[PDB]
Every structure is written in C-alpha cells, then in structure tokens.
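Heads up, the chain below is alone and in the form deposited in one PDB entry; it's given as structure tokens.
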C-alpha cells in the first residue's frame, strides 16, 4: 500500500494529556474500550480490514492469549525487526512506511500506541487524523501518571462532531460519558 492516510487513536486526561502510568492506563473506562474496538475494526469496503500499528513494548504488554488483536492486521514496530510477514494477522517491521509496503486489502490504518510511538509518529506526514478521547476528572492531580502526549496541537484543528460522525460511520457517539469520576468525549483533529 503506497502512502496511505494514517490516524492516531489515543485516550488522554486533560489538561496535561497524561496517557499512562508504569505501562498502563490509569483508568478503566469500559465504554471507551468498546469505542476503540469498534472504530479500529469497522470497514466499509468489502474484502478489507483495518491495520493497527503498535510499539514492541505495547505488544508485549498484551497477554499472549489476547494477541494478536482480532479482526485487524497487527503491525508491531521494533528497531531490531526485519520487515517480515509472520502470518496473515501479524507483521514485523522497523518503520511505519516499510510495514505498509507489505500490506494489501487494508482500508484504514491506526497507530495505537504506546507513548514512544505516539510522540515520534505524530511528526510523520503520513499521519492525517487524530482520534483523541479527551478525559476530564475533578482532581487530575490525584491521578498518578508518568507518560504524556507531546503533540503540537497548535498545528491541528479540532473538527465539529459532525465530522467525527462522518469518520466513524455507524458507531454511536454519546456526549459527556461518565464512568466513576471521569467524564469523556471523542474528538477528531486534522492538520491545519
């Protein structure tokens, strides 16, 4: 596949855009996990699937029995990897672009994490869309976090919900979802 449009999908706590603590999300938002699954899995073209790209540490963090993520082509990046097709669901690669050369019959491509991948790939011009779940909490500071997004958002535009709706198709988008003390909303951003 040549120069596909890629999207980053991430969940971050405002205002600092904290994303994790010692390799894990500092929250358990059950509806947000469901949205992540639907968005990354759904396709509109017939014999296609979507691809998910992740860093080797994220891959390793998923319990062996739960990988690869079903119904999507999983791509794992490592600087030590050779560009190789493991099976029909798993690709190893050392760069995003090299990995995309090995795919066909893919509709959308999503970067799913983790912290290092996000922070490095936000600056690759293949990235055209950000799907950011903006999480809010009454006392952000009480949540322990060690990793943060370092995104240049001054170079990006938050679109209206109609545009997000158009992006996700059939997926139901509820507003101000509450789970425990967290409130969140789904957003779409594109480059200026």
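Numbering follows the first chain given and starts at 1. Whichever C-alpha set is largest while still superposing within 1.5 Å between the two forms counts as the rigid core. Shifts are known only where both forms have a C-alpha.
Not pictured, yet referred to below: the form deposited in another entry.
- Of the residues 97, 116, 107, 71, just one CA atom moves 2 angstroms or more between this form and the one not shown under rigid-core superposition; it belongs to 97.
- A displacement of less than 2 angstroms separates the C-alpha positions of residue 138 between this form and the one not shown, with the rigid core held in common.
- In a rigid-core overlay of the protein, residue 157 has its C-alpha displaced by under 2 Å between this form and the one not shown.
- After superposition on the rigid core, the Cα atom of residue 30 is displaced by less than 2 Å between this form and the one not shown.
- After fitting on the rigid core, stretches of 3+ residues whose CA atoms all move by 2 angstroms or more between this form and the one not shown lie at 45 to 47, 95 to 97, 99 to 105.
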